[PDB]
Amino acid sequence: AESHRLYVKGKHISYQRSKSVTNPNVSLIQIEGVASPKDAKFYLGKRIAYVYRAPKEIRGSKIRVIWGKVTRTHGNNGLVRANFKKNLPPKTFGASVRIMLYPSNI
Amino acid sequence: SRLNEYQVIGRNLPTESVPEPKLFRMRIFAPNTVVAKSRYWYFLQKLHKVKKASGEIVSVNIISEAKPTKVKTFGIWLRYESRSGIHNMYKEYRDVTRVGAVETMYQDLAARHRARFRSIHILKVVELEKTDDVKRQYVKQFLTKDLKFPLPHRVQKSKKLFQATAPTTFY
Amino acid sequence: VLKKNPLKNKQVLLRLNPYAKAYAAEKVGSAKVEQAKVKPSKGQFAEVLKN
Amino acid sequence: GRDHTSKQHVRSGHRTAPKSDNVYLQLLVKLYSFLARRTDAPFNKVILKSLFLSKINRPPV
Amino acid sequence: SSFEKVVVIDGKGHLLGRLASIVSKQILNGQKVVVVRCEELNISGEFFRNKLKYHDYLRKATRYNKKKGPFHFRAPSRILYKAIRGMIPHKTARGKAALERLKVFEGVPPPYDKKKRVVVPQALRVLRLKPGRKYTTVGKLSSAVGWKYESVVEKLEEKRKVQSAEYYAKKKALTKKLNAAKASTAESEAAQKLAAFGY
Amino acid sequence: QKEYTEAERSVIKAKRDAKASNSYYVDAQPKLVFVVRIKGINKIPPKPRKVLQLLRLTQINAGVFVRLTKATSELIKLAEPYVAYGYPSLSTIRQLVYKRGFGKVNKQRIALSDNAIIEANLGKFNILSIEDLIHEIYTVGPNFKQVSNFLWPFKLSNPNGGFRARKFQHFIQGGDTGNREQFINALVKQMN
Amino acid sequence: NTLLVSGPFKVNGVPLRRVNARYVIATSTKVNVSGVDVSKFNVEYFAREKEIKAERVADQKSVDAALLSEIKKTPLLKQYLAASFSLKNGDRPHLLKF
RNA sequence: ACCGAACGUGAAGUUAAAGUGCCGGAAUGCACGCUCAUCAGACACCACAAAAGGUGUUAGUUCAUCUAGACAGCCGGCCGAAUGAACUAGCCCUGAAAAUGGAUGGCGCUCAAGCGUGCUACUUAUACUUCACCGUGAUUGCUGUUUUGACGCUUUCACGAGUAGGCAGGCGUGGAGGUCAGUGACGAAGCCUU
RNA sequence: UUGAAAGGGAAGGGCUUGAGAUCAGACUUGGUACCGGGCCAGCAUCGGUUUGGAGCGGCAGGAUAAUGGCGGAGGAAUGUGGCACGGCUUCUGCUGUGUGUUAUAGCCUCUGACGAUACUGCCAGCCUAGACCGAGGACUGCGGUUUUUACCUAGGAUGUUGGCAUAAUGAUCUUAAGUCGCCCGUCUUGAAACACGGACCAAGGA
Ligand SMILES: [Mg+2]
Ligand SMILES: [Mg+2]
Ligand SMILES: [Mg+2]
Ligand SMILES: [Mg+2]
Ligand SMILES: [Mg+2]
Ligand SMILES: [Mg+2]
Ligand SMILES: [Mg+2]
Ligand SMILES: [Mg+2]
Ligand SMILES: [Mg+2]
Ligand SMILES: [Mg+2]
Ligand SMILES: [Mg+2]
Ligand SMILES: [Mg+2]
Ligand SMILES: [Mg+2]
Ligand SMILES: [Mg+2]
Ligand SMILES: [Mg+2]
Ligand SMILES: [Mg+2]
Ligand SMILES: [Mg+2]
Ligand SMILES: [Mg+2]
Ligand SMILES: [Mg+2]
Ligand SMILES: [Mg+2]
Ligand SMILES: [Mg+2]
Ligand SMILES: [Mg+2]
Ligand SMILES: [Mg+2]
Ligand SMILES: [Mg+2]
Ligand SMILES: [Mg+2]
Ligand SMILES: [Mg+2]
Ligand SMILES: [Mg+2]
Ligand SMILES: [Mg+2]
Ligand SMILES: [Mg+2]
Ligand SMILES: [Mg+2]
Ligand SMILES: [Mg+2]
Ligand SMILES: [Mg+2]
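Residues numbered from 1 in each chain as written, not as in the entry; some residues may be left out. Chains lettered and ligands numbered in written order. Part of a larger assembly, values for the part shown. Heavy atoms only, no water.

Inclusion rule: UniProt positions are given in the numbering used here, feature names are shortened, and annotations may be inferred rather than shown by experiment.
Looking at the PDB entry, one finds chain F named 60S ribosomal protein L7-A, with Candida albicans as its source organism. As recorded in the PDB, this entry has the title "Structure of Candida albicans 80S ribosome in complex with cephaeline". Checking UniProt for chain F, the heading Sequence similarities (unreviewed entry) contains the comment "Belongs to the universal ribosomal protein uL30 family."

As recorded by the PDB entry, chain A carries the name 60S ribosomal protein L33-A and is attributed to Candida albicans. According to the UniProt record, the Sequence similarities (unreviewed entry) comment for chain A reads "Belongs to the eukaryotic ribosomal protein eL33 family."

So this is what it looks like as structure tokens:
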């Protein structure tokens, strides 16, 4: 009862980019404990939440969310590409996201 | 490269003068049959008044290893070009396949003489049946009786970036 | 207005090629061949092994 | 990119209408646009093209 | 692969640039890293060779005003810090925050003397260098180029190791007693079931 | 389908018979080739540029079927540094025509989505179906010219899996240009 | 296209309700529900018309009776059903069997 | 100015040339060797180095001595098993000296993150594939239902870089003929303004 | 001046999102507790494009794979047992050297009848994970199933549920962050140039 987590910990690592040009429409996400594309393919299609705090209350809450989804793997070390409704702000590079266990296929 | 051994057989195009020209065979170590037929014409025009335009490829067949799980020693006779001249050499390799010995040879002359694939002619690959046929010590040292050796300083590959225990190299 | 691939859409495949139905029904893609157990290389074609 | 074997976006180089703003010549072009579009007679297509021609291309007969 | 609150790396026996690149990517990706015992780090190549390299570094200074030029830090932690900062986009705000995520020390000062130190196998000298190659200890290179506190660190390190040995002897004794109690409670119904479950 | 299977079995039988009778069966030289332009449109000398235009290869990844004769072989030799070509199998031809098959109808690129389109343009040549068209291409037929020119040049994608490390050197030397001869099928599987 | 679900309510506090199949992890543990009558339950049962209906409370009790009767047979199954699920530190759902 | 590729506004996929230790997206990837530099080396154009040398190390070529005991060492013996010479070419080293401090791009790298070679995956251009939208050019049809827009509506396909320059279609200003029986002291024109 | 904001050796710009401010909009000119609608989403099924799986099955080819296993014949050594000499062993994997050819281990070559697998192809074979898109707008066509002048996956997205309408949503402005961005005009082969004109603004100006 000390733990209540139903999501996998993730991190916003980068945008999709070449050496000099970045593409904000695709985010690179590191899912915790995933080290290969085979592991990362479990999470394809899963929802992602970026939860953050804001100055103004909206309906009595100062907590806002940007929703996204895992679309494909990236590279060979288990990072995935994510697609959020609104692009994650660049300040969130290194910020933690939540990888939801739904849509479930277990 | 990753190679196969091919039997390529070819001939001059028949003429009304000569209606059955002589058939010539070559053993070619090539990655595929396109390079096998290219190397065939490459050596035939070094050895005969023939061209691909005036010739004909008769047969291309893979030659599989006779005993692919028997450990052998091969002697390979080579003719390679250096930056200054052309040299003949003879080297020895230990392997279970003739192709894998030729692959090791190509890596070895790339490493020791900077000799590229284009600069090498394989004159001959022979399996050395007798232990007395082995001239080179770097392969003769593995033909001694009751050969044992350890592998000191084992390095274990980790799946994680951080390890909570001290590294070890026993083995 | 929209091209449909006959290699994915079975209806378009039958529209273009009516014989695909017979090919599937007759299993032409996995048809066995009846032949004798022979090996014609035992003699001089062993010229491949050495020459 | 494309390796163009001909010049791109080239107008036909033929008149598709009279340069004239005479409404009655436009009515004649209407009548023979309908005839050329619907009669299969080559005469009507020739007449329709000739109604577009300029003054020097219609010398007095 | 877990996200940790702080990763404390024991810097002994680690190759400088390989540890630097790994730590750089860690702090860029939002991980807080502490490196202790930077005086025990290693650089490949003989000591004289690395000392000559540091003197090449010392040669470089702003001609018109030496106070503007590169600032050659002599402490081992600062040598590691220079290696990391060279691998960080330190002139951006993001790189500055990433560098705020990092701490480097000589010795093992509090509070890290009573915490867990890990190693990084991809950067360990004993696992990376061919067993005959020569290497340098950054503590000796630092003393050879101006670092003043080598003997203070080793005096404090001997005191810390004596205290940590008293710790370990107590922990081992309580581990022996707990193991004897787990042996006593073995072959019980719960133990047999946990053995059938793999525990 | 029956004649395809019979021809395959006949060639296999001929090879086995030549093997048995101490002889060597020499295959008939290929009569058809599929040519893919793998080079861009910049910096091409005038003669190979004209040759690629006459082969209707005016963009990268454009493919065309060519019936091999002396004239067409000497054409393809000029364009060799810019193309990858080879001998296409029946399944490769079928996949190309089914997925990316378009006809030139009144100088317009029309999808081959119904046999009436093929009949209205090639019915005077006894081509009434997509399978008739595929057969005419595969077994290089008496109306190969009309059937292959009716086919608009195939516009392939880039390979799924990439090329070799460096395209613009002959396939024999580890590149991509020139004649690869049966590996055109693997390349087309990658690009179509 | 929804799943009918019970806690059972006595064990869990989760009543008879619908869930979506995509917001569910289907474990490998199973209970014999051949003795549970779920004939009267359908979409119109959960129609939108706080106070809970006496029909719904009665159906909850009747279903939970059979569910508990079958649950008692498997040891620790009632405790398992009454305990919440959470991801612990070092739990990898791509490696775990459920 | 080289390599790749040439450009309407977008979505998705894949690539080219170049890369994948960090700066930087992608491997501290798999593999066979070579190299240790008290000025290592590190990728075409290209931003340098030669002749000549080295018992550094590696691999070769050709001669010669060898269990009828080779070379070395103690006085033929003594352990026993290889040895000598010339030559070839890989990497490394010497040859190798300039002026502000400083550049394989930087950090840094030594069974490499260097050099030669092979393989697998992976990264991503305004390029290629499919689709949407804009425009240009061509193209299908439209009058007994043409029907107050035919200089219009509509079907289909292809294409889109641009200085000098040409042409086309439009935006805006002062004044003039006509028209809106137009706006306006109940506020024209002008001016300021997320 | 007041107010707002930002500010480590310039500032300014583009793209993107966050934050704050401003503006907008369907319960419509909604119709009679209900009908139905708008927007944002979840799920299902479809169609177009596409990336995958430690996927599963069938067929073909080759030296009708080469091997391997089994059988036969021959042979050798880095010679097993045995034997004969030895140095250390209460002969305690004892061991070394000779001999010779399976013995108390085995191996190599040729070969005979079977049986597989690798590799490369084919399947108009099967199962399975995800992403982006939904142009069009009565019917007309081509096909398929026909139980049928009917139905379909077949000439381009529908069904259902939830929430919201003081708002989830969108735009702009300011600002931060990431990334890229040299000063325009000109003559010139070549300009950011250590080439020239330009401090600023209005009106005039070919
Ligand atoms: Mg274009
Ligand atoms: Mg890929
Ligand atoms: Mg490449
Ligand atoms: Mg070139
Ligand atoms: Mg990276
Ligand atoms: Mg020299
Ligand atoms: Mg040398
Ligand atoms: Mg040098
Ligand atoms: Mg560089
Ligand atoms: Mg390499
Ligand atoms: Mg793209
Ligand atoms: Mg233009
Ligand atoms: Mg102009
Ligand atoms: Mg005036
Ligand atoms: Mg008035
Ligand atoms: Mg006013
Ligand atoms: Mg200042
Ligand atoms: Mg903004
Ligand atoms: Mg906002
Ligand atoms: Mg689909
Ligand atoms: Mg056999
Ligand atoms: Mg629509
Ligand atoms: Mg910049
Ligand atoms: Mg000027
Ligand atoms: Mg001038
Ligand atoms: Mg000048
Ligand atoms: Mg200028
Ligand atoms: Mg200048
Ligand atoms: Mg001047
Ligand atoms: Mg002047
Ligand atoms: Mg001035
Ligand atoms: Mg003015």
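**Quick look at the overall build of chain F**
Heads up, the condition is: By the criteria applied, helices consist of DSSP H or I runs no shorter than four residues and strands consist of E runs no shorter than two, each listed in order from the N terminus. This radius of gyration counts C-alpha atoms alone. The globule rule is 2.2 Å times how many residues there are, raised to the power 0.38. Think of it in three bands: residues with accessible area under 20% of the maximum for their type are buried, residues over 50% are exposed, and the middle band is partly exposed, with areas taken using a 1.4 Å probe on protein chains only. The Shrake-Rupley method, run with a 1.4 Å probe sphere, supplies the accessible areas, and residue values consider only the shown protein chains as cover. Counting rule for charge: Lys and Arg are taken as positive, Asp and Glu as negative, and neither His nor the chain ends is counted. Charge positions are represented by NZ for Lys, CZ for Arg, CG for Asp and CD for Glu.
On a plain count of helices and strands, chain F comes out with 8 helices and 7 strands. Over its C-alpha atoms chain F spans a radius of gyration of 18 Å, differing by no more than 12% from the 16 Å that the globule rule assigns to 192 residues. Considering chain F as a whole, with its 192 residues, one finds that 41% of them fall into the buried category. In the form shown here, chain F has an accessible surface area of approximately 9,800 Å², with 50% of it arising from carbon and sulfur atoms. Side-chain charges in chain F split into 31 positive and 14 negative, and the spacing between the mean points of these groups amounts to 11 Å.

**Digging into the pattern of salt bridges**
Note the following rule: By definition, a salt bridge exists where a carboxyl oxygen of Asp or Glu is found within 4 Å of a side-chain nitrogen of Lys or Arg.
As enumerated under the stated definition, the model contains 25 salt bridges over all chains in all. Note that A:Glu32 is salt-bridged to G:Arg92, the shortest N-O span being 3.6 Å. One end of the pair, A:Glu32, is in the loop between strand 2 (22-31) and helix 1 (37-40); the other, G:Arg92, is in the segment after helix 3 (77-82), on a second chain. On the accessibility criterion, A:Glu32 (5% relative accessible area) is buried. Looking at G:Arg92, the relative accessible area reads 14%, which means it is buried. The salt bridge partner of B:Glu56 is B:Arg11, with a shortest N-O separation of 3.1 Å. Highlighted residues: B:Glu56 in strand 3 (residues 55-62) and B:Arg11 in strand 1 (residues 4-12), separated in sequence by 45 residues.

**Points about the side chain of B:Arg39**
Residue and element names in this part refer to chain B. We count it as follows: Whether two residues touch is decided by their heavy atoms; if any such pair falls within 4.5 Å, the residues are in contact.
Along the chain, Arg 39 turns up in helix 1 (residues 33-47). With no salt bridge to any partner, buried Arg 39 finds its closest opposite charge in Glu 81, at an N-O distance of 9.6 Å. If we skip the residues at most four places from it in the chain, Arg 39 touches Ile 28, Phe 117, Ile 120 and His 121.

**So, the layout of surface pockets**
Residues and elements named next belong to chain G. Just so we agree on the cut-off: Whether a set of points on the 1 Å grid over the protein atoms alone is a cavity depends on a 1.4 Å probe fitting there but being unable to get out, while an open set qualifies as a pocket with protein on both sides within 12 Å along at least five of seven lines; lining residues are those with an atom within 4 Å of a point. Grid points are joined across faces, edges and corners, and a volume is the space filled by probe spheres set on the points.
Estimates place the volume of the second largest pocket at around 2,000 Å³. Around the second largest pocket, the lining is made up of 46 residues, and of these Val 5, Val 24, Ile 25, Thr 27 and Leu 81 lie nearest the centre. The element contributing the most residues to the lining of the second largest pocket is helix 3, with 4 residues.

**Some points on the interface of chain A and chain G**
The following threshold applies: In this description, buried area is defined as the sum, over both parts, of the accessible area (probe of 1.4 Å) that is lost when the two are combined. Polar contact is defined as a pair of N or O atoms within 3.5 Å, subject to the rule that within protein one atom must be able to donate a hydrogen and the other to accept it, and that residues adjacent in sequence are counted only when both atoms are side-chain atoms. As a working rule, the residues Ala, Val, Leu, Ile, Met, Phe, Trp, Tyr, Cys and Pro are called nonpolar, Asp, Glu, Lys and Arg charged, and the rest polar, with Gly in that last group.
Counting from both sides, the interface comprises 19 residues of chain A and, opposite them, 15 residues of chain G. In total, chain A and chain G occlude about 1,500 Å² of area from one another, counting both sides; carbon and sulfur atoms represent 57% of this. Looking only at chain A, the three residues that lose the most surface to chain G are A:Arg5, A:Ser104 and A:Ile106, adding up to 36% of its buried area. The interface formed by chain A and chain G includes 1 salt bridge. Applying the counting rule to chain A against chain G returns 8 residue pairs in polar contact. Among the elements that take part in the side of chain A that touches chain G, strand 1 (residues 7-17) of chain A stands out by supplying 3 residues, more than any other. Classifying every residue of the side of chain A that touches chain G gives 10 nonpolar, 5 polar and 4 charged.

**Considerations on the protein's contact with RNA strand I**
Rules: Neighbouring residues are identified by heavy atoms, a residue being near a molecule or strand if any of them is within 4 Å of it.
Taken together, the neighbourhood of RNA strand I is formed by 91 residues, with A:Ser20, A:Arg64, B:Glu65, F:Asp114 and F:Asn160 sitting nearest. Here, RNA strand I places atoms within 4 Å of the protein, and 78% of those atoms are sugar or phosphate. At 2.7 Å from a phosphate oxygen of RNA strand I is found a main-chain nitrogen or oxygen belonging to E:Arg94. Top element by residues in the surface near RNA strand I is helix 2 (residues 19-26) of chain C. It accounts for 5 residues. By residue class, the composition of the surface near RNA strand I is 34 nonpolar, 25 polar and 32 charged.

**With respect to the packing of helix 4 (residues 90-100) of chain F against helix 6 (residues 130-138) of chain F**
Residue and element names in this part refer to chain F. Condition: Lines are fitted to the C-alpha atoms to define the axes, a helix being fitted only along its stretch in contact, and any angle between axes, read from their N-to-C directions, falls within 0 to 180 degrees. Between 65 and 115 degrees an angle is taken as roughly perpendicular, under 35 as roughly parallel, over 145 as roughly antiparallel, and anywhere else as oblique. Left-handed is the label given to a crossing in which the near helix is rotated counterclockwise from the far helix by less than a right angle, and right-handed is the label when the rotation is clockwise.
As a packed pair, helix 4 and helix 6 sit with axes 10 Å apart at the nearest point and diverge in direction by 135°. By the criterion of interaxial angle, the relationship of helix 4 to helix 6 is oblique. Taken as a pair, helix 4 and helix 6 cross one another with a handedness that is right-handed. Within the contact between the two elements, helix 4 uses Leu 90, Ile 93, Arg 94, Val 97 and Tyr 98 and helix 6 uses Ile 130, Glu 131, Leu 133, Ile 134, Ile 137 and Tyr 138. Among the residues forming the contact of helix 4 with helix 6, the class breakdown is 9 nonpolar, no polar and 2 charged.

**Considering the UniProt feature "binding site: Mg(2+) 1" (unreviewed entry) in chain A**
Residues and elements named next belong to chain A. UniProt annotation of "binding site: Mg(2+) 1" (unreviewed entry) refers to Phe 84 when read in the numbering used here. Inspection of the secondary structure assignment puts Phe 84 in strand 5 (residues 79-84). Under the relative-accessibility criterion, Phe 84 is labelled buried at 6%. The residues touching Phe 84, leaving out its near neighbours within four places in the chain, are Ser 27, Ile 29, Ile 48, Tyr 50, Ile 66, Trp 67 and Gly 68.

**A short note on the sheet that holds strand 3 (residues 83-86) of chain F**
Each strand in a sheet pairs with its neighbour through backbone hydrogen bonds, running either in the same direction (parallel) or in the opposite one (antiparallel). Residues and elements named next belong to chain F. The condition is simple: Paired strands, in this sense, are two strands between which DSSP finds at least two bridges.
Ordered in space as 6-2-1-3-7, the 5 strands form an open sheet in which the pairing is mixed. Bordering the open sheet on either side are strand 6 (154-155) and strand 7 (178-179), each of which pairs with just one other strand. Here strand 1 (residues 32-37) pairs with strand 3 via 4 bridges, running antiparallel. Its bridge partner lying in strand 3, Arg 37 is registered against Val 83. Its contacts with the sheet place helix 3 (residues 70-78) against strand 1, strand 2 (62-67) and strand 3, and it is angled at close to 150° to strand 2.

**Examining helix 1 (residues 16-28) of chain E**
Residues and elements named next belong to chain E. Let me state the cut-off plainly: The length a helix should cover is 1.5 Å for every residue beyond the first.
Helix length check: helix 1 (13 residues) gives 18 Å between terminal C-alpha atoms against 18 Å at 1.5 Å per residue, within 8%. For helix 1, the secondary structure elements touched by its buried residues are strand 1 (7-10), strand 2 (33-36), strand 3 (42-44), helix 3 (76-85), helix 4 (93-100) and strand 4 (102-104). One or two steps after helix 1, the chain reaches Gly 30, where phi turns positive at roughly 85°.

**Overview of the protein's contact with RNA strand H**
Near RNA strand H you find 106 residues, and of these B:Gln107, B:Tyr138, D:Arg38, E:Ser21 and F:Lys43 are the closest. For RNA strand H, the backbone makes up 73% of the atoms found within 4 Å of the protein, where backbone means sugar plus phosphate. Contacts to RNA strand H include E:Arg133, whose side-chain N or O atom sits 2.8 Å from a phosphate oxygen. Take the surface near RNA strand H: its biggest share by element is 8 residues, from helix 1 of chain E. When the residues that make up the surface near RNA strand H are grouped by side-chain class, the tally is 31 nonpolar, 39 polar and 36 charged.

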